[PDB]
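Novice: as they sit in the full assembly, here are the leading chains:
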Amino acid sequence: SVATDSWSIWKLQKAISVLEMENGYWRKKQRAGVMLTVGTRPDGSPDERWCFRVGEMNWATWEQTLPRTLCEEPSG
Amino acid sequence: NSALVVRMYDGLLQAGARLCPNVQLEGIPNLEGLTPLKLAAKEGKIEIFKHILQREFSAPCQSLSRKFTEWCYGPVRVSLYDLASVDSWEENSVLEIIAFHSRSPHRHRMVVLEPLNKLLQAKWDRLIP
């Protein structure tokens, strides 16, 4: 039970180092996500938000129902 | 506890979409200036934080969700996670509050979560040099 927690603490240390490096010495940061138009608000205006993409592969999705997609075709 | 809490939280978000549509309730700060996500990150609540980051609404009030699927092809899919308060661009991000502000013994667990994991791995791969 301690091994996964120690691995998480190492991930935390690496993240703290990443944040201190993103702070900069004495540059300006860089957003990592891509701004995308997800859909429609209650307003007619579309809600466009900075999304970060994560790949997934599931071999059990054949019996399950397909979720709603933003793009019907894999683009970019 | 957490099942009831997330059920009540999503139910209140749905009722907010029904009653006050032009208002983003999760953007409301407290006197210390925290949205509910930043406060969940600071106070160390794992289950609600993980739920908000992995939140999908299949309802007509789909705009409340933060997890979308960009495209699905065969077994593979690309999911989208919102980075409203998460990205370290703006002041008082979720990562900045977890690393520097929150006092919890299990805070590291929040870094193992799915949307933060790939983001911090990519930023580590960028900041290796």
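Specialist: Cool, got the structure. Numbering: from 1, shown residues only, chains lettered A, B, ... in the order given.

Novice: drop to CA atoms for contacts and neighbour counts, all remaining ones
Specialist: OK.

Novice: how many residues are close by residue A:46?
Specialist: 12 (other C-alpha atoms under 10 Å in any protein chain shown).

Novice: distance of it relative to residue A:66?
Specialist: As for residue A:46, its distance to residue A:66 is 24 Å (criterion: C-alpha to C-alpha, to the nearest Å).

Novice: residue A:58 and residue B:75 touch, don't they?
Specialist: Yes. Contact between residue A:58 and residue B:75 holds when scored by C-alpha atoms under 8 Å: they sit 5.2 Å apart.

Novice: in its sheet, which strands sit next to the longest strand along chain A, and in what direction?
Specialist: In chain A, assigned by DSSP state E, the strand with the most residues is strand A:46-57. Using DSSP bridges, strand A:46-57 pairs in its sheet with strand A:34-40 (antiparallel), strand B:76-82 (antiparallel).

Novice: apart from its neighbours in sequence, what residue is nearest the most centrally placed residue in chain A?
Specialist: Nearest to the geometric centre of chain A sits residue A:52, at 3.2 Å (C-alpha atoms, centre = their mean). Distances taken as C-alpha to C-alpha, 6 or more residues apart in numbering or on different chains put residue A:33 closest to residue A:52, at 4.6 Å, once the chain neighbours are dropped.

Novice: quick one: residues contacting residue A:58.
Specialist: B:75, B:76 (C-alpha atoms under 8 Å, 6 or more residues apart in numbering or on different chains).

Novice: try the one 3 residues further on
Specialist: Under the criterion of C-alpha under 8 Å, 6+ apart, the neighbours of residue A:61 are residue B:75.

Novice: which phi and psi does it have?
Specialist: phi -80, psi 0 (degrees, to the nearest 10).

Novice: swap in the one 4 residues further on?
Specialist: In this entry, residue A:65 is assigned phi and psi values of phi -80, psi 140 (degrees, to the nearest 10).

Novice: tally of neighbours for it?
Specialist: Residue crowding around residue A:65 was assessed by other C-alpha under 10 Å; the count is 7.

Novice: any idea how far chain B is from it?
Specialist: Separation of residue A:65 from chain B (C-alpha to the nearest C-alpha, to the nearest Å): 12 Å.

Novice: and chain C on top of that:
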Amino acid sequence: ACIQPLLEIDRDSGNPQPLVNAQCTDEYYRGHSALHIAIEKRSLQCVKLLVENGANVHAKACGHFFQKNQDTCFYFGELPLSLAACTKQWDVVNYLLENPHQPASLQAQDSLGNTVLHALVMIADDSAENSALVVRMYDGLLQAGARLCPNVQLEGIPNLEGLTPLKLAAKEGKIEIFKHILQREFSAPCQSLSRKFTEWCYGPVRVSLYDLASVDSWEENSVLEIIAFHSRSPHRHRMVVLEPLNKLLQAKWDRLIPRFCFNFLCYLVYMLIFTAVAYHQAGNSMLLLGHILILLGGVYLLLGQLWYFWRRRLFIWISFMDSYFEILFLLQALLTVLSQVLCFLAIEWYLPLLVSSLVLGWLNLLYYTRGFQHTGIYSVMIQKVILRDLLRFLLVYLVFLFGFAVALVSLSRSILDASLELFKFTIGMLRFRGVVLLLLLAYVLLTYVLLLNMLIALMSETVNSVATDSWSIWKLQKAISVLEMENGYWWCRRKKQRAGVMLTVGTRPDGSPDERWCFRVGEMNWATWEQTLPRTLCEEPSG
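Specialist: Let me put chain C in with the others:
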């Protein structure tokens, strides 16, 4: 509802480049056709509608999103049939095979030379549902290939790297489809597709025959040779414990014990002579003869190691783990010959270097302790511990010793001398004075912290499933030894004996008799009484 009207419109307009076979242009998504989309959306009727209107059922989808080992890429056989097979759609595969308009052929290859069978190999991740789908789809495709193209051995088709699907599963490290292919049984009339047959069954005991088509290390580019030398998967050792490979390597090791013991005796005499010639440095003539013998032995061993690094592909997979031990032996022999060359010139650095070339030699004898079945596992565990823990501990200890020695040379007012003093201390056998005592205490405390931390790597390795894995990795080491001993290095024609006994297993889809080199394996199963009795070659237990 628009598809058949659109295709009727394009057919009535007389289009030279038809709409149905139109493929994408973008380099990301190149070659994609409407048939691929109809297959991915799991619609058999849309596939039939597209095929009846002249769909190219062999259209290759060779974009960057396809045919890739890259991130966020889905690799299958670029062909529509391979897409339907990899996505668990048997009805679509059967329609693409048996339609009257344009049947898809199983011999078809993509831009990488892979058939649909290679594609089923490439998408395995050794998961339960995945490997179940892979073996079921693979057996169904083999049966349909026997029915539709009977004179064709589909498993014999090589790709651009020159691999059958079995060799491709061996290289890519896919265990479950590999394990299934080695012991396929068909209770159908298509018994010739199997590789496991039953020579005779009497009650619970039975003798099974395993085919050795690609398995035997007699032929070139075998499965054993690519598992030992070519595949880079972390689970290669598991693949050696599988039943026909296990029994085959057991028989070959039991046959090749005496050559191993002869090489052990020769190297032990070599090390005794090298230690005796080093310990001394009428009698001068004997020492000169011993030095000449050591030079000749080191030259022979260096030639053997040079041939080994010449014969092994990509420096034995860049010597990351298992082959580095042989590089240690090669470096020891190189230091031996360099020390002899410096002693021939009588330089001042001859006698030190030779001594070094002694110690590593007495470490390299540990190679042979991989034998004898208990110290072999002990050596495997010792090599796993010394692979990464001892190197990092020595590096951090060297850095700490350099810092402490630099502090000692700064406070006292050679660098090496301080290091030597630390080494002696390592064996273990008034404000400035208190500060120096505190510095020595801090150095000893850091050394103790490192000593306590080095146990944690061993504790994690004991946390790992070592019981199933240590025996398997020892068997892997024994198999590598069997292959290298079968080579001979200069008596190269020694590896000229096939294993097994050639037997007529059955009839092919072709009329010709099925003749294959089979290996006999005894089995005893007490649960076969509810099951149906299998077809036997011999009715009575013979030989």
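
Novice: and the contacts of residue A:61, now that chain C is part of it?
Specialist: residue B:75.

Novice: same check, this time on the one 10 residues further on
Specialist: With C-alpha under 8 Å, 6+ apart as the criterion, the residues that contact residue A:71 are B:70, B:71.

Novice: next up, the contacts around the residue in chain A positioned nearest to chain C.
Specialist: Taking C-alpha to the nearest C-alpha, chain C has its nearest neighbour within chain A at residue A:55, 6.1 Å off. The contact partners of residue A:55, taken as C-alpha under 8 Å, 6+ apart, are B:76, B:77, B:78, B:79, C:72.

Novice: determine which two of those residues are furthest apart.
Specialist: Farthest pair in these (C-alpha to C-alpha) is B:79 and C:72. Separation: 11.3 Å.

Novice: which residues touch the nearest residue to residue A:48 once chain neighbours are set aside?
Specialist: Closest residue to residue A:48 apart from its sequence neighbours, by C-alpha to C-alpha, 6+ apart: residue A:37 at 4.0 Å. Residue A:37 makes contacts with A:46, A:47, A:48, A:49, as judged by C-alpha under 8 Å, 6+ apart.

Novice: what residues does chain A have near chain C?
Specialist: Contact residues, chain A versus chain C (C-alpha under 8 Å from any C-alpha of the partner chain): A:55, A:59, A:60.

Novice: surely residue A:39 touches residue A:47?
Specialist: Yes. Counting by C-alpha under 8 Å, residue A:39 touches residue A:47, with 5.9 Å between them.

Novice: coming back round to it: buried residues in the longest strand of chain A?
Specialist: In terms of neighbour count (16 or more other C-alpha atoms under 10 Å in any protein chain shown), strand A:46-57 has its buried residues at A:49, A:50, A:51, A:52, A:53, A:54.

Novice: count of residues packed around the closest residue to the second one other than its chain neighbours?
Specialist: Of all residues not flanking residue A:50 in the chain, residue A:35 sits nearest, at 3.9 Å (C-alpha to C-alpha, 6+ apart). Summarising burial for residue A:35: neighbours were counted as other C-alpha under 10 Å, giving 14.

Novice: next up, the contacts around residue A:35.
Specialist: Shown in contact with residue A:35 (C-alpha under 8 Å, 6+ apart): A:48, A:49, A:50, A:51.

Novice: add chain D to the structure above, sequence below:
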Amino acid sequence: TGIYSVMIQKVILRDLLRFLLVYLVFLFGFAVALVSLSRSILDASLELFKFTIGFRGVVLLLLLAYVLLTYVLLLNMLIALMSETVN
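Specialist: Just below you will find chain D, in place on the chains above:
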């Protein structure tokens, strides 16, 4: 102490076969290295035995590698004890 005696007999079952052989080979190598550094071999071996429990830089590197080998053998006996530690 009976279970301790069972563990001790199982350990001496495993120490004398592999550990004694590797330790004897290491002692012969170290004594031969010492006799090379100097210019009674048994005496040197005994000195080596004392060292085990108890040109200059090259001798420091040889002693450091020998101490590392002693630590590796101790860690292998700890790994054997850990394998015996299964429930």
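
Novice: what do you get for the neighbour count of residue A:46 once chain D is counted?
Specialist: Per other C-alpha under 10 Å, the neighbour tally for residue A:46 reads 12.

Novice: beta partners for it?
Specialist: Beta-bridge partners of residue A:46, as defined by DSSP bridges: residue A:40.

Novice: my guess is it contacts residue A:36. True?
Specialist: No. Applying C-alpha under 8 Å, one finds residue A:46 not in contact with residue A:36, separated by 10.0 Å.

Novice: joint contacts of these two?
Specialist: Applying C-alpha under 8 Å, 6+ apart, one finds that no residue jointly contacts residue A:46 and residue A:36.

Novice: ok, and the closest non-adjacent residue to residue A:23?
Specialist: Ranked by C-alpha to C-alpha, 6+ apart and with sequence neighbours excluded, the top spatial neighbour of residue A:23 is residue A:29, at 7.5 Å.

Novice: residues in contact with that neighbour?
Specialist: Residue A:29 makes contacts with A:22, A:23, B:88, B:89, as judged by C-alpha under 8 Å, 6+ apart.

Novice: rerun that using 10 Å as the cut-off
Specialist: A:21, A:22, A:23, B:88, B:89, B:90 (C-alpha atoms under 10 Å, 6 or more residues apart in numbering or on different chains).

Novice: does the first one really touch residue A:27, like I thought?
Specialist: Yes. Residue A:21 is in contact with residue A:27 according to C-alpha atoms under 10 Å; the separation is 9.3 Å.

Novice: which residue lies farthest from the center of chain A?
Specialist: residue A:26 (29.6 Å).

Novice: look up how far chain D lies from that residue.
Specialist: For residue A:26 relative to chain D (C-alpha to the nearest C-alpha), the value is 45 Å.

Novice: and for residue A:3?
Specialist: From residue A:3 over to chain D the distance is 17 Å, taken as C-alpha to the nearest C-alpha.

Novice: next one: residue A:12
Specialist: Distance from residue A:12 to chain D, by C-alpha to the nearest C-alpha: 30 Å.

Novice: mind listing what that residue touches?
Specialist: Listed by C-alpha under 10 Å, 6+ apart, the contact set of residue A:12 reads A:6, A:18, B:98, B:99, B:107, B:108, B:109, B:110, B:111, B:112, B:120.
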